[PDB]
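Data from my_file.cif: mmCIF, C-alpha atoms
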```
data_model
#
loop_
_atom_site.group_PDB
_atom_site.id
_atom_site.type_symbol
_atom_site.label_atom_id
_atom_site.label_comp_id
_atom_site.auth_asym_id
_atom_site.auth_seq_id
_atom_site.Cartn_x
_atom_site.Cartn_y
_atom_site.Cartn_z
ATOM 1 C CA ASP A 1 5.337 -12.135 22.849
ATOM 2 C CA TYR A 2 4.286 -12.848 19.248
ATOM 3 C CA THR A 3 4.651 -16.336 17.789
ATOM 4 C CA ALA A 4 5.759 -17.111 14.253
ATOM 5 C CA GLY A 5 2.926 -19.005 12.583
ATOM 6 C CA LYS A 6 0.268 -17.288 14.682
ATOM 7 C CA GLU A 7 0.089 -13.491 14.458
ATOM 8 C CA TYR A 8 2.549 -13.414 11.525
ATOM 9 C CA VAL A 9 4.312 -15.850 9.238
ATOM 10 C CA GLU A 10 7.865 -15.820 7.946
ATOM 11 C CA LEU A 11 8.166 -16.166 4.180
ATOM 12 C CA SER A 12 10.388 -19.162 3.402
ATOM 13 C CA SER A 13 11.628 -17.216 0.337
ATOM 14 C CA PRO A 14 12.256 -13.633 1.524
ATOM 15 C CA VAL A 15 11.613 -10.942 -1.061
ATOM 16 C CA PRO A 16 13.973 -8.067 -1.945
ATOM 17 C CA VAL A 17 13.005 -4.692 -0.511
ATOM 18 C CA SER A 18 12.275 -1.539 -2.501
ATOM 19 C CA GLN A 19 14.921 0.554 -0.750
ATOM 20 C CA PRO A 20 17.909 -1.554 0.269
ATOM 21 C CA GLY A 21 19.367 -0.407 3.531
ATOM 22 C CA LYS A 22 16.047 0.483 5.111
ATOM 23 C CA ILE A 23 13.660 -1.742 6.960
ATOM 24 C CA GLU A 24 10.689 -1.988 4.636
ATOM 25 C CA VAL A 25 7.053 -1.838 5.707
ATOM 26 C CA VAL A 26 4.536 -2.575 2.944
ATOM 27 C CA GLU A 27 0.791 -2.170 3.212
ATOM 28 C CA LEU A 28 -0.871 -4.025 0.339
ATOM 29 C CA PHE A 29 -4.184 -2.309 -0.271
ATOM 30 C CA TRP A 30 -6.881 -1.378 -2.756
ATOM 31 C CA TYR A 31 -8.458 2.086 -2.717
ATOM 32 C CA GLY A 32 -11.926 0.499 -2.996
ATOM 33 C CA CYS A 33 -11.405 -1.915 -0.090
ATOM 34 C CA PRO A 34 -13.639 -0.905 2.829
ATOM 35 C CA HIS A 35 -11.411 -2.506 5.501
ATOM 36 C CA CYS A 36 -8.498 -0.592 3.969
ATOM 37 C CA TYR A 37 -10.468 2.653 4.258
ATOM 38 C CA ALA A 38 -11.359 1.857 7.859
ATOM 39 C CA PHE A 39 -7.688 1.146 8.725
ATOM 40 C CA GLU A 40 -6.464 4.509 7.409
ATOM 41 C CA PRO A 41 -7.022 6.504 10.617
ATOM 42 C CA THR A 42 -4.806 3.960 12.400
ATOM 43 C CA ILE A 43 -2.010 3.363 9.902
ATOM 44 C CA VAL A 44 -1.656 6.913 8.524
ATOM 45 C CA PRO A 45 -0.454 8.721 11.644
ATOM 46 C CA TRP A 46 1.735 5.750 12.605
ATOM 47 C CA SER A 47 3.353 5.707 9.169
ATOM 48 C CA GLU A 48 4.218 9.409 9.439
ATOM 49 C CA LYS A 49 6.148 8.907 12.691
ATOM 50 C CA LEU A 50 8.472 6.065 11.675
ATOM 51 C CA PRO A 51 12.220 6.505 12.196
ATOM 52 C CA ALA A 52 14.837 7.277 9.586
ATOM 53 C CA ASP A 53 15.832 3.658 8.884
ATOM 54 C CA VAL A 54 12.301 2.521 8.021
ATOM 55 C CA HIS A 55 10.721 2.844 4.561
ATOM 56 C CA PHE A 56 6.931 2.653 4.539
ATOM 57 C CA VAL A 57 5.196 2.100 1.248
ATOM 58 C CA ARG A 58 1.819 1.208 -0.023
ATOM 59 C CA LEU A 59 1.558 -1.356 -2.766
ATOM 60 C CA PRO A 60 -1.668 -1.773 -4.716
ATOM 61 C CA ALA A 61 -2.992 -5.329 -4.958
ATOM 62 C CA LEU A 62 -3.525 -5.910 -8.670
ATOM 63 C CA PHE A 63 -6.027 -8.740 -8.345
ATOM 64 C CA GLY A 64 -7.967 -7.950 -11.501
ATOM 65 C CA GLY A 65 -10.617 -5.631 -12.886
ATOM 66 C CA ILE A 66 -11.239 -2.475 -10.925
ATOM 67 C CA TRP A 67 -8.413 -3.365 -8.514
ATOM 68 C CA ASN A 68 -6.003 -3.071 -11.439
ATOM 69 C CA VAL A 69 -7.503 0.219 -12.608
ATOM 70 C CA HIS A 70 -7.363 1.719 -9.128
ATOM 71 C CA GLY A 71 -3.871 0.328 -8.655
ATOM 72 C CA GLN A 72 -2.766 1.901 -11.921
ATOM 73 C CA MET A 73 -4.162 5.246 -10.668
ATOM 74 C CA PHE A 74 -2.109 4.818 -7.463
ATOM 75 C CA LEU A 75 1.086 4.103 -9.369
ATOM 76 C CA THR A 76 0.451 7.017 -11.735
ATOM 77 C CA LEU A 77 0.061 9.383 -8.792
ATOM 78 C CA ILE A 78 3.260 8.029 -7.214
ATOM 79 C CA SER A 79 5.138 8.629 -10.483
ATOM 80 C CA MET A 80 3.799 12.180 -10.603
ATOM 81 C CA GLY A 81 4.951 12.755 -7.017
ATOM 82 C CA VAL A 82 1.443 13.686 -5.836
ATOM 83 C CA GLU A 83 -0.081 10.556 -4.270
ATOM 84 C CA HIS A 84 0.582 11.664 -0.706
ATOM 85 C CA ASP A 85 -1.145 14.975 -1.384
ATOM 86 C CA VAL A 86 -4.368 13.474 -2.812
ATOM 87 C CA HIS A 87 -4.336 10.144 -0.928
ATOM 88 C CA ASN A 88 -7.069 10.929 1.628
ATOM 89 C CA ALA A 89 -9.168 12.592 -1.080
ATOM 90 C CA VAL A 90 -9.120 9.489 -3.283
ATOM 91 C CA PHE A 91 -10.255 7.305 -0.395
ATOM 92 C CA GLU A 92 -12.960 9.833 0.507
ATOM 93 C CA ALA A 93 -14.174 10.127 -3.113
ATOM 94 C CA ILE A 94 -14.627 6.372 -3.409
ATOM 95 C CA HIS A 95 -16.094 5.642 0.017
ATOM 96 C CA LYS A 96 -17.998 8.780 0.940
ATOM 97 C CA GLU A 97 -18.731 10.574 -2.345
ATOM 98 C CA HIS A 98 -19.764 7.479 -4.328
ATOM 99 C CA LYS A 99 -17.253 8.189 -7.102
ATOM 100 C CA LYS A 100 -16.223 5.076 -9.022
ATOM 101 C CA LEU A 101 -12.989 6.448 -10.509
ATOM 102 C CA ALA A 102 -13.259 3.572 -12.969
ATOM 103 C CA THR A 103 -11.671 4.980 -16.125
ATOM 104 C CA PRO A 104 -8.712 7.294 -16.621
ATOM 105 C CA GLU A 105 -11.001 10.073 -17.920
ATOM 106 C CA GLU A 106 -13.053 9.884 -14.733
ATOM 107 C CA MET A 107 -9.889 9.799 -12.640
ATOM 108 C CA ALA A 108 -8.333 12.765 -14.385
ATOM 109 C CA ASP A 109 -11.485 14.857 -14.061
ATOM 110 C CA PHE A 110 -11.712 14.159 -10.336
ATOM 111 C CA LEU A 111 -7.991 14.627 -9.753
ATOM 112 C CA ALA A 112 -7.993 17.950 -11.633
ATOM 113 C CA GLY A 113 -10.246 19.227 -8.861
ATOM 114 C CA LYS A 114 -7.451 18.332 -6.456
ATOM 115 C CA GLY A 115 -4.785 20.178 -8.488
ATOM 116 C CA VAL A 116 -3.452 17.286 -10.580
ATOM 117 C CA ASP A 117 -2.450 18.113 -14.173
ATOM 118 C CA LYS A 118 -4.944 16.133 -16.298
ATOM 119 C CA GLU A 119 -2.797 15.875 -19.432
ATOM 120 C CA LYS A 120 0.196 14.683 -17.398
ATOM 121 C CA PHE A 121 -1.974 12.249 -15.453
ATOM 122 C CA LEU A 122 -3.355 10.717 -18.655
ATOM 123 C CA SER A 123 0.067 10.547 -20.388
ATOM 124 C CA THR A 124 1.611 8.963 -17.300
ATOM 125 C CA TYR A 125 -1.285 6.551 -16.776
ATOM 126 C CA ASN A 126 -0.884 5.208 -20.308
ATOM 127 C CA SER A 127 2.926 5.271 -20.274
ATOM 128 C CA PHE A 128 5.279 2.370 -20.807
ATOM 129 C CA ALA A 129 6.919 3.125 -17.476
ATOM 130 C CA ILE A 130 3.638 2.531 -15.660
ATOM 131 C CA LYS A 131 3.255 -0.799 -17.504
ATOM 132 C CA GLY A 132 6.537 -1.793 -15.866
ATOM 133 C CA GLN A 133 5.485 -0.590 -12.434
ATOM 134 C CA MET A 134 2.212 -2.530 -12.721
ATOM 135 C CA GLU A 135 4.106 -5.708 -13.580
ATOM 136 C CA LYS A 136 6.498 -5.220 -10.677
ATOM 137 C CA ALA A 137 3.621 -4.726 -8.259
ATOM 138 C CA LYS A 138 1.910 -7.854 -9.530
ATOM 139 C CA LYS A 139 5.062 -9.907 -9.132
ATOM 140 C CA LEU A 140 5.639 -8.589 -5.587
ATOM 141 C CA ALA A 141 2.186 -9.593 -4.413
ATOM 142 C CA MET A 142 2.777 -13.065 -5.889
ATOM 143 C CA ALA A 143 6.121 -13.319 -4.084
ATOM 144 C CA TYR A 144 4.482 -12.261 -0.804
ATOM 145 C CA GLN A 145 1.746 -14.854 -1.514
ATOM 146 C CA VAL A 146 -0.838 -12.283 -0.513
ATOM 147 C CA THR A 147 -4.459 -13.199 -1.242
ATOM 148 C CA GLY A 148 -6.323 -10.235 0.168
ATOM 149 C CA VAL A 149 -6.039 -6.786 1.695
ATOM 150 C CA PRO A 150 -5.139 -4.982 3.812
ATOM 151 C CA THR A 151 -2.010 -7.075 4.417
ATOM 152 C CA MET A 152 1.297 -5.993 5.877
ATOM 153 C CA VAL A 153 4.756 -7.248 4.934
ATOM 154 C CA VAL A 154 7.820 -6.266 6.940
ATOM 155 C CA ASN A 155 11.275 -6.301 5.357
ATOM 156 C CA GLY A 156 10.232 -8.716 2.628
ATOM 157 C CA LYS A 157 10.113 -11.397 5.310
ATOM 158 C CA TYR A 158 7.051 -11.283 7.595
ATOM 159 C CA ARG A 159 3.401 -11.292 6.497
ATOM 160 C CA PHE A 160 0.445 -10.451 8.722
ATOM 161 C CA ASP A 161 -2.977 -8.850 8.596
ATOM 162 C CA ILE A 162 -5.475 -7.257 10.950
ATOM 163 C CA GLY A 163 -7.140 -10.572 11.722
ATOM 164 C CA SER A 164 -3.910 -12.429 12.434
ATOM 165 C CA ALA A 165 -2.506 -9.625 14.614
ATOM 166 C CA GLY A 166 -5.772 -9.331 16.545
ATOM 167 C CA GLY A 167 -6.943 -5.844 15.597
ATOM 168 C CA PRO A 168 -5.814 -2.558 14.052
ATOM 169 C CA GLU A 169 -3.667 -1.342 16.974
ATOM 170 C CA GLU A 170 -2.257 -4.809 17.397
ATOM 171 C CA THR A 171 -1.242 -4.781 13.708
ATOM 172 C CA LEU A 172 0.953 -1.712 14.264
ATOM 173 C CA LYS A 173 2.414 -3.069 17.504
ATOM 174 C CA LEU A 174 3.342 -6.240 15.652
ATOM 175 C CA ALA A 175 4.890 -4.175 12.854
ATOM 176 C CA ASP A 176 6.901 -2.257 15.451
ATOM 177 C CA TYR A 177 8.090 -5.539 17.019
ATOM 178 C CA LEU A 178 9.192 -6.910 13.647
ATOM 179 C CA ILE A 179 10.931 -3.653 12.779
ATOM 180 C CA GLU A 180 12.947 -3.972 16.010
ATOM 181 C CA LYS A 181 13.716 -7.600 15.137
ATOM 182 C CA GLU A 182 15.159 -6.521 11.814
ATOM 183 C CA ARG A 183 17.050 -3.561 13.335
ATOM 184 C CA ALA A 184 18.754 -5.933 15.772
ATOM 185 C CA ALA A 185 19.760 -8.363 13.010
ATOM 186 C CA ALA A 186 23.250 -8.830 11.605
ATOM 187 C CA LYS A 187 23.829 -7.269 8.191
#
```
Could you render the structure from this file as structure tokens?
Amino acid sequence: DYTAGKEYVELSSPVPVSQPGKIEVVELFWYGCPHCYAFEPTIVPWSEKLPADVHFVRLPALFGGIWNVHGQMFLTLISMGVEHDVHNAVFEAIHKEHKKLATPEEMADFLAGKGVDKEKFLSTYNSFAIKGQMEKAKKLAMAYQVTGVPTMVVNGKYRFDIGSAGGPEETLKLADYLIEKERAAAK
């Protein structure tokens, strides 16, 4: 029922996916983005129920300043294997508890309260590997031609957001539709 050019657009230059062989679903986000926070109760449970051939990932939008700092925190937590465990807490700290989480010392101190090893967080945050991950995330957002958040990209090919889909539920229904489109495709 959806129409290319209306609720979603097809990227004329499709982008490689992070896990070849799975249908990718990317949510570009920023931890400090209030619409992103408000979307969480919709996208979180949906993301946890996806089938075995779908790979859902969040990608931080590194659009400068505090977005880069918060994005670097995200990527650090992913590298440490703990983002999923502290994800809701980071959103709640920023939006309900008034925590800025604006420097790695502040981040580490907060995250220690949630069980995260502070010395490993700081070493990882400042690591050369994370410099590479930051660059890759930047380049992906450029390739998706994304200019704000939250924005969804399915299989490196289809871009849409809450406004274009027509609401938060509609965004997930559209994602589901596009996932089926890609599952049906020749390979």
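Nearest to residue 64 in chain A of all the residues A:95, A:22, A:138, A:6 is A:138, counting only C-alpha atoms.
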Inset, instruction - Just give me the gap between CA of residue 122 in chain A and CA of residue 28 in chain A in Å, one decimal is fine. - result: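 Taking CA of residue 122 in chain A and CA of residue 28 in chain A, their separation equals 24.2 Å.
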Inset, instruction - Please provide the set of residues having any atom within 9 Å of residue 76 in chain A, restricted to only C-alpha atoms, with same-chain residues fewer than 6 positions apart removed, written as number ranges by chain. - result: A: 82-83, 121-122, 124-126, 130
Inset, instruction - Using only C-alpha atoms, determine which residues lie at most 8 Å from range 169-181 of chain A, disregarding the query and same-chain residues fewer than 5 positions distant; provide the list as a PyMOL selection string. - result: chain A and resi 2+23+25+42-43+46+54+154-155+158+160-162
Inset, instruction - Do a neighbour search on residue 101 in chain A at 9 Å with only C-alpha atoms, toss out local chain neighbours closer than 6 positions, and write the hits as a ChimeraX atom specification. - result: /A:69-70,73,90,93-94,107-108,110
Legend entry - Selection near residue 144 in chain A, 8 Å with only C-alpha atoms, sequence-local residues under 5 positions removed, as a PyMOL selection string: chain A and resi 11+15+153+156+159
Legend entry - Which residue of A:134, A:186, A:149, A:89 approaches residue 111 in chain A most closely, using all atoms listed in the file: A:89
Inset, instruction - Write out as a PyMOL selection string the residues lying within 9 Å of residue 91 in chain A, counting only C-alpha atoms and excluding same-chain residues fewer than 3 positions away. - result: chain A and resi 31-32+37+86-88+94-96
Legend entry - Shortest interatomic distance to residue 39 in chain A - which of A:17, A:116, A:152, A:4, counting only C-alpha atoms: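 Selected residue with least distance to residue 39 in chain A: A:152.
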Inset, instruction - Find the distance between CA of residue 147 in chain A and CA of residue 3 in chain A and write it in Å to one decimal. - result: 21.3 Å
Inset, instruction - For each of A:52, A:26, A:165, A:129, take the minimum atom-to-atom distance to residue 8 in chain A, counting all atoms listed in the file, then give the residue where this is smallest. - result: A:165
Inset, instruction - Could you check which of A:79, A:68, A:47, A:12 is closest to residue 127 in chain A, using all atoms listed in the file? - result: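 Closest to residue 127 in chain A of all the choices is A:79.
Of note, CA of residue 45 in chain A and CA of residue 150 in chain A are spaced 16.5 Å apart.
With all atoms listed in the file as the atoms that count, the residue of A:136, A:100, A:84, A:114 with the shortest distance to residue 18 in chain A is A:136.
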For range 51-58 of chain A, what centre and edge lengths in Å (one decimal) does the axis-aligned box get once 8 Å is added on each side of all its listed atoms, as JSON?
```
{"center_x": 8.8, "center_y": 4.2, "center_z": 6.1, "size_x": 30.0, "size_y": 22.1, "size_z": 28.2}
```
